[PDB]
>>> print(open('upload.cif').read())   # mmCIF, C-alpha atoms and all ligand atoms
data_coords
loop_
_atom_site.group_PDB
_atom_site.id
_atom_site.type_symbol
_atom_site.label_atom_id
_atom_site.label_comp_id
_atom_site.auth_asym_id
_atom_site.auth_seq_id
_atom_site.Cartn_x
_atom_site.Cartn_y
_atom_site.Cartn_z
ATOM 1 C CA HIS A 1 -3.652 -19.180 6.029
ATOM 2 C CA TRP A 2 -5.280 -16.138 4.376
ATOM 3 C CA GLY A 3 -4.429 -15.291 0.775
ATOM 4 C CA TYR A 4 -5.889 -14.031 -2.472
ATOM 5 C CA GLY A 5 -7.202 -17.226 -4.124
ATOM 6 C CA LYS A 6 -10.684 -18.724 -4.583
ATOM 7 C CA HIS A 7 -10.369 -20.635 -1.304
ATOM 8 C CA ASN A 8 -8.499 -18.160 0.926
ATOM 9 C CA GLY A 9 -9.069 -14.822 -0.832
ATOM 10 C CA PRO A 10 -10.920 -11.563 0.017
ATOM 11 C CA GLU A 11 -14.299 -13.378 -0.021
ATOM 12 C CA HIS A 12 -13.304 -15.649 2.891
ATOM 13 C CA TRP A 13 -11.714 -12.921 5.046
ATOM 14 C CA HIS A 14 -14.901 -11.897 6.945
ATOM 15 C CA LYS A 15 -14.978 -15.325 8.611
ATOM 16 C CA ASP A 16 -11.838 -14.814 10.694
ATOM 17 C CA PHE A 17 -12.041 -11.025 10.500
ATOM 18 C CA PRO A 18 -15.724 -9.918 10.780
ATOM 19 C CA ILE A 19 -14.524 -6.295 10.342
ATOM 20 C CA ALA A 20 -14.160 -7.153 6.624
ATOM 21 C CA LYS A 21 -17.798 -5.956 6.315
ATOM 22 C CA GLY A 22 -17.142 -2.810 8.384
ATOM 23 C CA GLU A 23 -18.100 0.831 7.951
ATOM 24 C CA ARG A 24 -14.685 2.025 6.791
ATOM 25 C CA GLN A 25 -13.124 -0.820 4.841
ATOM 26 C CA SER A 26 -10.451 -0.203 2.198
ATOM 27 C CA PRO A 27 -9.714 0.028 -0.728
ATOM 28 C CA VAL A 28 -12.544 2.019 -2.351
ATOM 29 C CA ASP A 29 -13.398 3.270 -5.825
ATOM 30 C CA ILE A 30 -12.632 6.985 -6.102
ATOM 31 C CA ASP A 31 -15.629 8.374 -8.031
ATOM 32 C CA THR A 32 -14.604 11.836 -9.278
ATOM 33 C CA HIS A 33 -18.172 13.059 -9.828
ATOM 34 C CA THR A 34 -18.771 12.583 -6.068
ATOM 35 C CA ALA A 35 -15.307 13.353 -4.618
ATOM 36 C CA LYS A 36 -15.313 16.683 -2.775
ATOM 37 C CA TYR A 37 -12.630 19.255 -3.604
ATOM 38 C CA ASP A 38 -11.596 20.739 -0.266
ATOM 39 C CA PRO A 39 -9.712 24.097 -0.505
ATOM 40 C CA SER A 40 -8.818 23.763 3.195
ATOM 41 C CA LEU A 41 -6.670 20.670 2.515
ATOM 42 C CA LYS A 42 -2.963 21.318 3.102
ATOM 43 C CA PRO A 43 -0.204 20.151 0.747
ATOM 44 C CA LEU A 44 1.338 16.816 1.823
ATOM 45 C CA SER A 45 4.557 16.845 3.817
ATOM 46 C CA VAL A 46 6.735 13.898 2.861
ATOM 47 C CA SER A 47 10.182 13.913 4.509
ATOM 48 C CA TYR A 48 12.073 10.823 3.363
ATOM 49 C CA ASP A 49 15.632 12.215 3.198
ATOM 50 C CA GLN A 50 16.489 10.428 6.476
ATOM 51 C CA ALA A 51 14.777 7.091 5.687
ATOM 52 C CA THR A 52 16.888 4.124 6.688
ATOM 53 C CA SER A 53 15.926 1.112 4.616
ATOM 54 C CA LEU A 54 16.956 -2.203 6.150
ATOM 55 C CA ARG A 55 15.790 -5.236 4.208
ATOM 56 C CA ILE A 56 13.299 -6.516 1.654
ATOM 57 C CA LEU A 57 11.149 -9.559 2.420
ATOM 58 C CA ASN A 58 8.755 -11.903 0.617
ATOM 59 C CA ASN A 59 6.004 -12.545 3.185
ATOM 60 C CA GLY A 60 3.941 -14.855 0.969
ATOM 61 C CA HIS A 61 1.441 -12.066 0.217
ATOM 62 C CA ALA A 62 3.731 -9.499 -1.359
ATOM 63 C CA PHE A 63 7.266 -8.233 -0.895
ATOM 64 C CA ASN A 64 7.817 -5.479 1.663
ATOM 65 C CA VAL A 65 10.722 -3.068 2.296
ATOM 66 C CA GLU A 66 11.299 -2.392 6.012
ATOM 67 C CA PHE A 67 12.718 0.866 7.362
ATOM 68 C CA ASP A 68 14.338 1.891 10.642
ATOM 69 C CA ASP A 69 11.487 3.863 12.203
ATOM 70 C CA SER A 70 13.223 6.112 14.788
ATOM 71 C CA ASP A 71 16.153 7.480 10.740
ATOM 72 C CA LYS A 72 13.276 9.988 10.646
ATOM 73 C CA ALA A 73 11.339 9.451 7.434
ATOM 74 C CA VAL A 74 8.004 11.010 8.313
ATOM 75 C CA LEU A 75 4.695 11.813 6.702
ATOM 76 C CA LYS A 76 2.885 14.840 8.130
ATOM 77 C CA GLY A 77 0.621 17.671 6.975
ATOM 78 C CA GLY A 78 -1.913 17.075 4.241
ATOM 79 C CA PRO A 79 -4.985 16.013 6.238
ATOM 80 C CA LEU A 80 -2.923 14.628 9.174
ATOM 81 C CA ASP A 81 -2.286 15.628 12.799
ATOM 82 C CA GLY A 82 0.987 14.672 14.503
ATOM 83 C CA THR A 83 3.881 12.656 13.168
ATOM 84 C CA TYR A 84 3.674 9.450 11.164
ATOM 85 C CA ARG A 85 6.876 7.420 10.763
ATOM 86 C CA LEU A 86 7.535 5.313 7.668
ATOM 87 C CA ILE A 87 7.782 1.683 8.717
ATOM 88 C CA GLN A 88 7.545 -0.169 5.389
ATOM 89 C CA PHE A 89 6.412 -0.168 1.762
ATOM 90 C CA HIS A 90 4.899 -2.863 -0.450
ATOM 91 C CA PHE A 91 2.930 -3.293 -3.700
ATOM 92 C CA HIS A 92 -0.238 -4.986 -4.970
ATOM 93 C CA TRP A 93 -0.338 -5.966 -8.646
ATOM 94 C CA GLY A 94 -2.141 -8.011 -11.256
ATOM 95 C CA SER A 95 -1.879 -10.993 -13.575
ATOM 96 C CA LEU A 96 -1.975 -8.532 -16.485
ATOM 97 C CA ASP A 97 -1.314 -4.744 -16.918
ATOM 98 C CA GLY A 98 -5.070 -4.107 -16.961
ATOM 99 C CA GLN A 99 -5.545 -4.724 -13.225
ATOM 100 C CA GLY A 100 -3.650 -4.909 -9.930
ATOM 101 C CA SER A 101 -4.425 -1.689 -8.100
ATOM 102 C CA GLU A 102 -6.543 -1.762 -4.946
ATOM 103 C CA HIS A 103 -8.005 1.733 -5.193
ATOM 104 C CA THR A 104 -9.691 2.585 -8.497
ATOM 105 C CA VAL A 105 -10.487 5.963 -10.070
ATOM 106 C CA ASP A 106 -13.918 5.964 -11.724
ATOM 107 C CA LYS A 107 -13.531 2.158 -11.858
ATOM 108 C CA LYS A 108 -10.147 2.377 -13.676
ATOM 109 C CA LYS A 109 -7.714 -0.263 -12.406
ATOM 110 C CA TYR A 110 -4.007 0.500 -12.613
ATOM 111 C CA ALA A 111 -1.221 -2.071 -13.200
ATOM 112 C CA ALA A 112 -0.123 -1.827 -9.588
ATOM 113 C CA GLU A 113 -0.369 0.166 -6.387
ATOM 114 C CA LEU A 114 2.390 1.166 -4.001
ATOM 115 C CA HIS A 115 1.577 1.564 -0.298
ATOM 116 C CA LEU A 116 3.931 3.473 1.994
ATOM 117 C CA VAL A 117 2.867 2.561 5.528
ATOM 118 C CA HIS A 118 3.359 5.050 8.403
ATOM 119 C CA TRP A 119 2.324 5.028 12.033
ATOM 120 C CA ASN A 120 1.313 7.750 14.487
ATOM 121 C CA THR A 121 4.311 8.211 16.844
ATOM 122 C CA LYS A 122 1.566 9.270 19.861
ATOM 123 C CA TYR A 123 1.069 5.526 20.060
ATOM 124 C CA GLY A 124 4.659 4.446 20.780
ATOM 125 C CA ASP A 125 4.702 1.326 18.568
ATOM 126 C CA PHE A 126 3.171 0.054 15.305
ATOM 127 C CA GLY A 127 1.179 -2.565 17.248
ATOM 128 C CA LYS A 128 -0.556 -0.056 19.500
ATOM 129 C CA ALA A 129 -0.994 2.379 16.594
ATOM 130 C CA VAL A 130 -3.098 -0.137 14.600
ATOM 131 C CA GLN A 131 -5.658 -0.293 17.442
ATOM 132 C CA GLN A 132 -6.622 3.380 16.862
ATOM 133 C CA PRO A 133 -8.741 5.118 14.160
ATOM 134 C CA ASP A 134 -5.869 7.580 13.495
ATOM 135 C CA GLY A 135 -3.184 4.937 14.066
ATOM 136 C CA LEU A 136 -1.870 4.786 10.503
ATOM 137 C CA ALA A 137 -1.353 6.880 7.423
ATOM 138 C CA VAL A 138 -0.869 4.955 4.217
ATOM 139 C CA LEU A 139 0.261 6.793 1.150
ATOM 140 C CA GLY A 140 -1.069 5.008 -1.950
ATOM 141 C CA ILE A 141 0.458 5.600 -5.357
ATOM 142 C CA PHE A 142 -0.760 4.031 -8.597
ATOM 143 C CA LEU A 143 1.555 2.484 -11.177
ATOM 144 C CA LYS A 144 0.968 2.677 -14.903
ATOM 145 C CA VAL A 145 3.097 0.965 -17.525
ATOM 146 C CA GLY A 146 5.266 3.397 -19.487
ATOM 147 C CA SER A 147 8.847 4.620 -19.162
ATOM 148 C CA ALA A 148 11.049 3.063 -16.480
ATOM 149 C CA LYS A 149 11.141 4.450 -12.955
ATOM 150 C CA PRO A 150 14.842 4.610 -11.986
ATOM 151 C CA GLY A 151 14.032 4.730 -8.270
ATOM 152 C CA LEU A 152 12.263 1.395 -8.667
ATOM 153 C CA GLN A 153 15.160 -0.490 -10.288
ATOM 154 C CA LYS A 154 16.880 -1.617 -7.056
ATOM 155 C CA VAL A 155 13.535 -3.018 -5.851
ATOM 156 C CA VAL A 156 12.862 -5.070 -9.006
ATOM 157 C CA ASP A 157 16.442 -6.304 -9.518
ATOM 158 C CA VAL A 158 16.437 -7.758 -6.000
ATOM 159 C CA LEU A 159 13.192 -9.726 -6.536
ATOM 160 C CA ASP A 160 15.092 -12.584 -8.207
ATOM 161 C CA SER A 161 16.763 -13.248 -4.826
ATOM 162 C CA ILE A 162 13.504 -13.344 -2.789
ATOM 163 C CA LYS A 163 11.326 -15.465 -5.107
ATOM 164 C CA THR A 164 9.606 -17.549 -2.430
ATOM 165 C CA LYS A 165 7.870 -16.986 0.918
ATOM 166 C CA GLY A 166 10.224 -16.055 3.790
ATOM 167 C CA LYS A 167 13.176 -15.043 1.619
ATOM 168 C CA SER A 168 14.880 -11.749 2.395
ATOM 169 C CA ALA A 169 17.778 -9.665 1.156
ATOM 170 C CA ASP A 170 19.637 -6.692 2.568
ATOM 171 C CA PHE A 171 18.249 -3.389 1.308
ATOM 172 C CA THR A 172 20.278 -0.521 2.764
ATOM 173 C CA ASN A 173 20.555 2.888 1.083
ATOM 174 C CA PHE A 174 17.177 2.792 -0.643
ATOM 175 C CA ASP A 175 15.644 6.204 -1.103
ATOM 176 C CA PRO A 176 11.853 6.021 -1.168
ATOM 177 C CA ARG A 177 11.747 9.569 -2.608
ATOM 178 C CA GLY A 178 12.428 7.833 -5.946
ATOM 179 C CA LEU A 179 9.058 6.071 -5.863
ATOM 180 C CA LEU A 180 7.152 9.371 -5.841
ATOM 181 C CA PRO A 181 5.556 11.160 -8.783
ATOM 182 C CA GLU A 182 5.900 14.873 -9.569
ATOM 183 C CA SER A 183 2.607 16.008 -8.071
ATOM 184 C CA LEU A 184 1.498 15.441 -4.494
ATOM 185 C CA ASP A 185 -2.150 16.174 -5.343
ATOM 186 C CA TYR A 186 -4.169 13.619 -3.396
ATOM 187 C CA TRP A 187 -7.467 12.138 -2.331
ATOM 188 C CA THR A 188 -8.073 11.238 1.311
ATOM 189 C CA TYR A 189 -10.644 9.227 3.296
ATOM 190 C CA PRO A 190 -10.732 7.216 6.558
ATOM 191 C CA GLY A 191 -10.215 3.502 5.854
ATOM 192 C CA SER A 192 -8.610 0.233 6.847
ATOM 193 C CA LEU A 193 -5.746 -2.147 6.303
ATOM 194 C CA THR A 194 -6.541 -3.853 2.999
ATOM 195 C CA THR A 195 -5.202 -7.185 4.313
ATOM 196 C CA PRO A 196 -6.168 -9.099 7.445
ATOM 197 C CA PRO A 197 -6.573 -8.020 10.246
ATOM 198 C CA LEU A 198 -8.325 -5.271 8.192
ATOM 199 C CA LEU A 199 -8.294 -2.907 11.190
ATOM 200 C CA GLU A 200 -10.007 0.458 10.647
ATOM 201 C CA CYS A 201 -6.993 2.467 11.745
ATOM 202 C CA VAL A 202 -5.916 4.120 8.489
ATOM 203 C CA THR A 203 -6.009 7.627 7.112
ATOM 204 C CA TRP A 204 -5.787 6.857 3.411
ATOM 205 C CA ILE A 205 -3.878 9.293 1.235
ATOM 206 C CA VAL A 206 -4.055 8.353 -2.459
ATOM 207 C CA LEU A 207 -1.989 10.275 -4.978
ATOM 208 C CA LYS A 208 -3.658 11.621 -8.148
ATOM 209 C CA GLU A 209 -0.557 11.201 -10.336
ATOM 210 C CA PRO A 210 0.535 7.620 -10.981
ATOM 211 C CA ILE A 211 4.181 6.772 -11.381
ATOM 212 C CA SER A 212 5.352 5.434 -14.756
ATOM 213 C CA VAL A 213 7.038 1.994 -14.544
ATOM 214 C CA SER A 214 8.254 -0.069 -17.509
ATOM 215 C CA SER A 215 6.737 -3.327 -18.726
ATOM 216 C CA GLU A 216 10.107 -4.925 -17.977
ATOM 217 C CA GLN A 217 9.809 -3.644 -14.388
ATOM 218 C CA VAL A 218 6.246 -4.768 -13.603
ATOM 219 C CA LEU A 219 6.902 -8.197 -15.198
ATOM 220 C CA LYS A 220 9.476 -8.894 -12.490
ATOM 221 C CA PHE A 221 6.747 -8.445 -9.836
ATOM 222 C CA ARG A 222 4.896 -11.339 -11.524
ATOM 223 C CA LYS A 223 7.811 -13.786 -11.102
ATOM 224 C CA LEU A 224 7.447 -13.937 -7.341
ATOM 225 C CA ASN A 225 5.854 -16.904 -5.605
ATOM 226 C CA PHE A 226 3.234 -16.945 -2.846
ATOM 227 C CA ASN A 227 4.537 -20.370 -1.774
ATOM 228 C CA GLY A 228 7.659 -21.333 0.163
ATOM 229 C CA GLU A 229 10.715 -22.840 -1.538
ATOM 230 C CA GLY A 230 10.033 -26.503 -2.356
ATOM 231 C CA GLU A 231 6.243 -26.093 -2.137
ATOM 232 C CA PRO A 232 3.705 -26.248 -5.024
ATOM 233 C CA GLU A 233 4.467 -23.250 -7.268
ATOM 234 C CA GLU A 234 1.902 -20.492 -6.721
ATOM 235 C CA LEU A 235 2.752 -17.395 -8.752
ATOM 236 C CA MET A 236 2.347 -14.142 -6.856
ATOM 237 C CA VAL A 237 -0.165 -12.252 -8.992
ATOM 238 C CA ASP A 238 -3.499 -10.505 -8.303
ATOM 239 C CA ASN A 239 -2.607 -9.911 -4.672
ATOM 240 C CA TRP A 240 -5.136 -7.033 -4.445
ATOM 241 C CA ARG A 241 -8.435 -6.657 -2.527
ATOM 242 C CA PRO A 242 -11.365 -5.412 -4.680
ATOM 243 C CA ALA A 243 -12.869 -1.969 -3.973
ATOM 244 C CA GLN A 244 -15.111 -1.925 -0.907
ATOM 245 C CA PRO A 245 -18.303 0.107 -0.298
ATOM 246 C CA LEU A 246 -17.706 3.715 0.728
ATOM 247 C CA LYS A 247 -20.831 3.632 2.901
ATOM 248 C CA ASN A 248 -21.155 7.411 2.863
ATOM 249 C CA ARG A 249 -17.628 8.446 3.730
ATOM 250 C CA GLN A 250 -16.436 11.615 2.073
ATOM 251 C CA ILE A 251 -13.411 11.231 -0.144
ATOM 252 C CA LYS A 252 -11.860 14.698 -0.129
ATOM 253 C CA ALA A 253 -9.636 15.931 -2.971
ATOM 254 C CA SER A 254 -6.914 18.606 -2.757
ATOM 255 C CA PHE A 255 -7.435 19.687 -6.398
ATOM 256 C CA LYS A 256 -10.442 20.265 -8.706
HETATM 257 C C1 LIG B 1 1.992 -6.211 16.302
HETATM 258 O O1 LIG B 1 2.929 -5.297 16.872
HETATM 259 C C2 LIG B 1 3.983 -4.786 16.160
HETATM 260 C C3 LIG B 1 4.255 -5.208 14.856
HETATM 261 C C4 LIG B 1 5.333 -4.667 14.153
HETATM 262 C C5 LIG B 1 6.147 -3.714 14.762
HETATM 263 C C6 LIG B 1 5.874 -3.293 16.064
HETATM 264 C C7 LIG B 1 4.792 -3.832 16.757
HETATM 265 O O2 LIG B 1 4.526 -3.419 18.030
HETATM 266 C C8 LIG B 1 7.335 -3.102 14.046
HETATM 267 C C9 LIG B 1 7.441 -3.432 12.552
HETATM 268 C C10 LIG B 1 6.182 -3.992 11.896
HETATM 269 C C11 LIG B 1 5.644 -5.127 12.768
HETATM 270 C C12 LIG B 1 4.482 -5.888 12.112
HETATM 271 C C13 LIG B 1 4.879 -6.411 10.724
HETATM 272 C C14 LIG B 1 5.358 -5.278 9.820
HETATM 273 C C15 LIG B 1 4.193 -4.327 9.492
HETATM 274 C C16 LIG B 1 6.080 -5.706 8.551
HETATM 275 O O3 LIG B 1 5.217 -5.968 7.449
HETATM 276 S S1 LIG B 1 5.336 -7.310 6.709
HETATM 277 N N1 LIG B 1 6.788 -7.655 6.458
HETATM 278 O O4 LIG B 1 4.565 -7.272 5.449
HETATM 279 O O5 LIG B 1 4.801 -8.408 7.542
HETATM 280 C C17 LIG B 1 7.076 -4.589 8.212
HETATM 281 C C18 LIG B 1 7.266 -3.768 9.487
HETATM 282 C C19 LIG B 1 6.526 -4.603 10.532
HETATM 283 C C1 LIG B 2 -1.094 -5.898 13.715
HETATM 284 O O1 LIG B 2 0.263 -6.265 13.446
HETATM 285 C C2 LIG B 2 0.652 -6.733 12.208
HETATM 286 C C3 LIG B 2 0.113 -6.203 11.028
HETATM 287 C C4 LIG B 2 0.508 -6.693 9.776
HETATM 288 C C5 LIG B 2 1.458 -7.715 9.712
HETATM 289 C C6 LIG B 2 1.991 -8.232 10.893
HETATM 290 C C7 LIG B 2 1.592 -7.748 12.132
HETATM 291 O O2 LIG B 2 2.142 -8.282 13.264
HETATM 292 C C8 LIG B 2 1.956 -8.314 8.408
HETATM 293 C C9 LIG B 2 1.126 -7.881 7.203
HETATM 294 C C10 LIG B 2 0.824 -6.395 7.325
HETATM 295 C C11 LIG B 2 -0.076 -6.109 8.536
HETATM 296 C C12 LIG B 2 -0.328 -4.604 8.711
HETATM 297 C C13 LIG B 2 -0.836 -3.910 7.440
HETATM 298 C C14 LIG B 2 -0.059 -4.326 6.188
HETATM 299 C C15 LIG B 2 1.287 -3.588 6.147
HETATM 300 C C16 LIG B 2 -0.814 -4.126 4.883
HETATM 301 O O3 LIG B 2 -0.744 -2.789 4.400
HETATM 302 S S1 LIG B 2 -1.924 -2.121 3.676
HETATM 303 N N1 LIG B 2 -2.335 -2.949 2.456
HETATM 304 O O4 LIG B 2 -1.511 -0.767 3.276
HETATM 305 O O5 LIG B 2 -3.148 -1.956 4.460
HETATM 306 C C17 LIG B 2 -0.205 -5.127 3.886
HETATM 307 C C18 LIG B 2 0.560 -6.161 4.715
HETATM 308 C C19 LIG B 2 0.074 -5.838 6.121
HETATM 309 ZN ZN ZN B 3 0.618 -14.147 6.201
HETATM 310 ZN ZN ZN B 4 -1.140 -2.583 0.722
#
>>> encode(input="upload.cif", output="structure tokens")
Amino acid sequence: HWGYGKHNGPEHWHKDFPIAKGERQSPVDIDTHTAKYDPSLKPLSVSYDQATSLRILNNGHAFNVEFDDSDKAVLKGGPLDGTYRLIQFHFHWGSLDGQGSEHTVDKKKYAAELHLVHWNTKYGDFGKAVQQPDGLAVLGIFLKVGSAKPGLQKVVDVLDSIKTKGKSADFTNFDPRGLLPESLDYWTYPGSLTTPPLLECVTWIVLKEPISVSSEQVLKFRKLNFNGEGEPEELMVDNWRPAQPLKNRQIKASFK
């Protein structure tokens, strides 16, 4: 079963998922001396007021918060056509503050990265959406260690109750607006799922401004287990895929 270790990690993925060496694989390094400011890029339209969080789950790769995708949390605008519905969010993080993000900015690795996953509604269901180049829009947001993020506290406090693979808790009344920074300045490029099946169905939208999270908050991420309860203890850390080659895609910025 795929994972992040020496024996099942990103370097083994191409064997079951040959697309791993594709033309638009994610994440990528965002090189700012090559990123193209695009004045035509619209401001992002995040509408999360109606988001209906359901539960949080430890899937053995990370923990993910599922939403009711009817409920009308939607991402639109920015570089996107049509309506993308929020279906879930999750994080990738490191074994120390100095790494854990998937995207990098001039090779800088952040402590973590939040991904808010949305799907294009012309495709009827998530499953069909992922089979299309414009099937998904993932909003990526970096995490740096600093002051606490109040909107994160419910997430981290619940982690104690979902330590091992397959564990879930109820997670109603979670407002994902609280995971957002001040600015919605962004980079964007066509990419992929950063986990298997690595499908090239994603319009990546990566925010310029990281959110500040406390050391106390990020530490809780590192107490999760990859393994199931009663299995050999595998700590859930460094669950990130390294930056992939851009292969001459244009990363467009909405700010200079
Ligand atoms: C393959 O076809 C489909 C899959 C899914 C759906 C509809 C489909 O037609 C609806 C919800 C999708 C779920 C897949 C697992 C998700 C992303 C979950 O991610 S997760 N927990 O990390 O495995 C959260 C929401 C899930
Ligand atoms: C094709 O249908 C499915 C897809 C997935 C799952 C189950 C399905 O039935 C479970 C894991 C799902 C993954 C989709 C991309 C996720 C959310 C990834 O999001 S990401 N990193 O932003 O590209 C991380 C976990 C991935
Ligand atoms: Zn799995
Ligand atoms: Zn992710």
>>> residues_near_ligand(input="upload.cif", ligand="ligand ZN 3 (chain B)", cutoff="10 Å", atoms="all atoms listed in the file", output="number ranges by chain")
A: 1-3, 59-62, 165, 195-196, 226
>>> resolve_selection(input="upload.cif", expression="the PyMOL selection byres (((chain A and resi 208-210) around 12) and not hetatm)", output="ChimeraX atom specification")
/A:30,32,101,103-105,109-114,139-146,149,179-188,205-207,211-213,252-256
>>> resolve_selection(input="upload.cif", expression="the PyMOL selection byres (((chain A and resi 54) around 7) and not hetatm)", output="list in words")
residues 52, 53, 55, 66, 67, 68, 170, 171 and 172 of chain A
>>> residues_near_ligand(input="upload.cif", ligand="ligand ZN 4 (chain B)", cutoff="9 Å", atoms="all atoms listed in the file", output="number ranges by chain")
A: 62, 89-92, 102, 113-117, 138, 140, 193-195, 240-241
>>> write_last_selection(input="upload.cif", atoms="C-alpha atoms", output="compact mmCIF listing (two decimals), in the frame of the given file")
# COMPACT_ATOMS: atom_id res chain seq x y z
CA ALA A 62 3.73 -9.50 -1.36
CA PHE A 89 6.41 -0.17 1.76
CA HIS A 90 4.90 -2.86 -0.45
CA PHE A 91 2.93 -3.29 -3.70
CA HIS A 92 -0.24 -4.99 -4.97
CA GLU A 102 -6.54 -1.76 -4.95
CA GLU A 113 -0.37 0.17 -6.39
CA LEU A 114 2.39 1.17 -4.00
CA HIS A 115 1.58 1.56 -0.30
CA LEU A 116 3.93 3.47 1.99
CA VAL A 117 2.87 2.56 5.53
CA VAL A 138 -0.87 4.96 4.22
CA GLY A 140 -1.07 5.01 -1.95
CA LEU A 193 -5.75 -2.15 6.30
CA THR A 194 -6.54 -3.85 3.00
CA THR A 195 -5.20 -7.18 4.31
CA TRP A 240 -5.14 -7.03 -4.44
CA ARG A 241 -8.44 -6.66 -2.53
>>> axis_aligned_box(input="upload.cif", around="stretch 211-215 of chain A", padding_each_side="4 Å", output="AutoDock Vina command-line options")
--center_x 6.2 --center_y 1.7 --center_z -15.1 --size_x 12.1 --size_y 18.1 --size_z 15.3
>>> residues_near_ligand(input="upload.cif", ligand="ligand LIG 1 (chain B)", cutoff="6 Å", atoms="only C-alpha atoms and all ligand atoms", output="list in words")
residues 59, 64, 66, 87, 88, 125, 126 and 127 of chain A
>>> resolve_selection(input="upload.cif", expression="the PyMOL selection byres (((chain A and resi 249) around 8) and not hetatm)", output="number ranges by chain")
A: 24, 189-190, 246-248, 250-251
>>> write_last_selection(input="upload.cif", atoms="C-alpha atoms", output="compact mmCIF listing (two decimals), in the frame of the given file")
# COMPACT_ATOMS: atom_id res chain seq x y z
CA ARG A 24 -14.68 2.02 6.79
CA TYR A 189 -10.64 9.23 3.30
CA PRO A 190 -10.73 7.22 6.56
CA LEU A 246 -17.71 3.72 0.73
CA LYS A 247 -20.83 3.63 2.90
CA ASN A 248 -21.16 7.41 2.86
CA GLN A 250 -16.44 11.62 2.07
CA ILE A 251 -13.41 11.23 -0.14
>>> decode(input="upload.cif", residues="stretch 198-214 of chain A", atoms="N, CA and C atoms", output="PDB file, in the first residue's frame")
ATOM      1  N   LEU A 198      -2.474  10.344  -8.732  1.00  0.00           N
ATOM      2  CA  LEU A 198      -1.639  11.379  -9.371  1.00  0.00           C
ATOM      3  C   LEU A 198      -2.229  11.938 -10.664  1.00  0.00           C
ATOM      4  N   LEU A 199      -3.541  11.826 -10.827  1.00  0.00           N
ATOM      5  CA  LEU A 199      -4.209  12.243 -12.058  1.00  0.00           C
ATOM      6  C   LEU A 199      -3.971  13.715 -12.364  1.00  0.00           C
ATOM      7  N   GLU A 200      -3.789  14.040 -13.645  1.00  0.00           N
ATOM      8  CA  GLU A 200      -3.499  15.416 -14.053  1.00  0.00           C
ATOM      9  C   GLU A 200      -4.784  16.167 -14.350  1.00  0.00           C
ATOM     10  N   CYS A 201      -5.529  16.414 -13.274  1.00  0.00           N
ATOM     11  CA  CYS A 201      -6.891  16.935 -13.347  1.00  0.00           C
ATOM     12  C   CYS A 201      -7.030  18.249 -12.567  1.00  0.00           C
ATOM     13  N   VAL A 202      -5.920  18.795 -12.075  1.00  0.00           N
ATOM     14  CA  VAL A 202      -5.988  19.874 -11.101  1.00  0.00           C
ATOM     15  C   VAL A 202      -5.519  21.225 -11.616  1.00  0.00           C
ATOM     16  N   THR A 203      -6.349  22.237 -11.372  1.00  0.00           N
ATOM     17  CA  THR A 203      -5.940  23.623 -11.492  1.00  0.00           C
ATOM     18  C   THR A 203      -5.435  24.068 -10.117  1.00  0.00           C
ATOM     19  N   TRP A 204      -4.115  24.130  -9.992  1.00  0.00           N
ATOM     20  CA  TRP A 204      -3.509  24.512  -8.728  1.00  0.00           C
ATOM     21  C   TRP A 204      -3.595  26.001  -8.499  1.00  0.00           C
ATOM     22  N   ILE A 205      -4.091  26.361  -7.322  1.00  0.00           N
ATOM     23  CA  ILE A 205      -4.103  27.747  -6.858  1.00  0.00           C
ATOM     24  C   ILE A 205      -3.385  27.812  -5.509  1.00  0.00           C
ATOM     25  N   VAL A 206      -2.203  28.415  -5.510  1.00  0.00           N
ATOM     26  CA  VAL A 206      -1.346  28.457  -4.317  1.00  0.00           C
ATOM     27  C   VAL A 206      -1.271  29.865  -3.762  1.00  0.00           C
ATOM     28  N   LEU A 207      -1.695  30.045  -2.519  1.00  0.00           N
ATOM     29  CA  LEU A 207      -1.700  31.383  -1.946  1.00  0.00           C
ATOM     30  C   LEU A 207      -0.295  31.886  -1.598  1.00  0.00           C
ATOM     31  N   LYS A 208      -0.075  33.176  -1.839  1.00  0.00           N
ATOM     32  CA  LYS A 208       1.199  33.851  -1.553  1.00  0.00           C
ATOM     33  C   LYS A 208       1.463  34.004  -0.047  1.00  0.00           C
ATOM     34  N   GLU A 209       0.411  34.364   0.691  1.00  0.00           N
ATOM     35  CA  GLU A 209       0.494  34.579   2.128  1.00  0.00           C
ATOM     36  C   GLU A 209       0.274  33.254   2.866  1.00  0.00           C
ATOM     37  N   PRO A 210       1.261  32.841   3.675  1.00  0.00           N
ATOM     38  CA  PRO A 210       1.053  31.679   4.520  1.00  0.00           C
ATOM     39  C   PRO A 210       0.185  32.033   5.726  1.00  0.00           C
ATOM     40  N   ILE A 211      -0.446  31.033   6.317  1.00  0.00           N
ATOM     41  CA  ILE A 211      -1.089  31.292   7.592  1.00  0.00           C
ATOM     42  C   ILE A 211      -0.081  31.057   8.711  1.00  0.00           C
ATOM     43  N   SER A 212      -0.219  31.808   9.807  1.00  0.00           N
ATOM     44  CA  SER A 212       0.598  31.585  11.002  1.00  0.00           C
ATOM     45  C   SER A 212      -0.090  30.578  11.918  1.00  0.00           C
ATOM     46  N   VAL A 213       0.617  29.502  12.254  1.00  0.00           N
ATOM     47  CA  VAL A 213       0.139  28.483  13.214  1.00  0.00           C
ATOM     48  C   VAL A 213       1.168  28.390  14.344  1.00  0.00           C
ATOM     49  N   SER A 214       0.759  27.979  15.535  1.00  0.00           N
ATOM     50  CA  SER A 214       1.715  27.949  16.642  1.00  0.00           C
ATOM     51  C   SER A 214       2.512  26.652  16.641  1.00  0.00           C
TER      52      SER A 214
END
